[PDB]
Every structure is written in structure tokens, then in C-alpha cells.
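The block underneath contains the structure these notes are about, expressed in C-alpha cells.
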Ligand code: HEM
């Protein structure tokens, strides 16, 4: 049910993955500047120059499309998340806590831009908690507990 609650507000997100993706990453980097350093392509870009940066927005679109794919999955969520865990632990070297930070940002962006109400905010926190716990379990399988 919590997946359906989020999907009932996903229209404005999927309508413009570039704009909303850029909003999410711009806010992440503003509120959590240490996360920007985990993207070598973006690390060191002055904060004032991030909102207008097309490459940042394009990467945010990649993130949100992957999250959409997960939400819409009629099969295993864990299966889609295994490659994501593998790349984020072993290629990008992203500590798990950073997924909680981007999930905090997404809840706020959907509250502000996608009509996600109080119950929807809780549903999205629950869904992101499922995703993050699966990423964390897969990190542990790789030796990154
Ligand atoms: C649930 C949240 C996230 C989703 C859905 C997501 C999704 C993706 C996808 C689909 C890619 C491209 C394919 C791949 O390399 O696996 C990617 C790349 C990447 N992600 Fe994430 N990601 C998330 C969170 C994060 C966080 C929190 C960070 C760092 C704070 C991060 C850092 C990176 C980096 C550095 C790349 C490589 C970018 C490039 O070289 O172009 N990701 N992510």
C-alpha cells in the first residue's frame, strides 16, 4: 500500500525528471555539502552554480527514473537493488547514511512540488526505509557493514 500511496503523487515527478532531479540534487548538496564531494564530476562546483547546471539535473533525472522503476516494479524490489548496491558500494564508494539524506530531501521536494500529504510523506519514508535496508544488507554481503 505504501508504494501505491507514493505512486499516487509520482505524476509531477515523472512529468519532469530533469527539473525535479535537479531540485533534489541541488538541495542535497546545499543541505549536506559533504555529499557533493562523493560525486567527483560535481565536487567543487560553487553552490550558486548548481541549480542551473544541466549535467547535475541530468544525473538527478537518472536517479529519479531508477526510483520510479523500483516503485512500479511488479516483481522483486530487492532484485533491482542488487546492482545499485553493487555499484554504489564498490564503484562510487557511498556510505549508507547518504541514502537517508537523499531520501529526506526527496520527501520535502515531493511535499513541495508533488502534492504528497502527511500520510504520503510517511509512506515514502517507509518505502525509502525498505530500499535503504536492502542496500545496507547487500553492502554487508560485499564486506561493507
Ligand atoms: C536511492 C537513491 C539513489 C538512487 C536511485 C541512485 C541511482 C543511481 C543510478 C541509476 C546511477 C547510474 C548507474 C550506477 O552507477 O549504478 C547512479 C550513479 C551514481 N550515484 Fe547514485 N543513486 C542514489 C543515491 C546516491 C547517493 C546518496 C550518492 C552520493 C551521495 C550517489 C552517488 C552516485 C555517484 C557518484 C554515481 C556516479 C555518477 C557518474 O559517474 O555519472 N548515489 N546512482
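Numbering (the entry's author numbering), first residue to last: 2 to 146. In this text, a Cβ means the ideal position worked out from N, Cα and C, and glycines have one as well.
With a cutoff of 8 Å, residue 73 does not count as near the ligand HEM, since its C-beta is closer than that to no heavy atom of the ligand.
In this structure, residue 114 sits near residue 14, with a CB-CB distance shorter than 9 Å.
As for any alpha helix (DSSP H) of minimum length 4 sitting wholly inside the stretch 23 to 47, the runs are 34 to 37, ordered along the chain.
Per DSSP, the continuous alpha helix (DSSP H) segment holding residue 4 begins and ends at 3 to 8.
Less than 9 Å separates the beta-carbon of residue 99 from that of residue 39.
The beta carbons of residue 58 and residue 19 sit about 5 Å from each other, so the pair counts as a contact at 8 Å. For residue 100, the enclosing alpha helix (DSSP H) has its first and last residue at 98 to 114.
Between residue 135 and residue 90, the CB-CB gap reaches or exceeds 9 Å. At least one heavy atom of the ligand HEM lies closer than 8 Å to the C-beta of residue 64. Note on residue 143: under 16 other CB atoms within 10 angstroms of its CB, so exposed under the neighbour-count rule. In the structure shown, the three-state DSSP call for residue 93 is coil.
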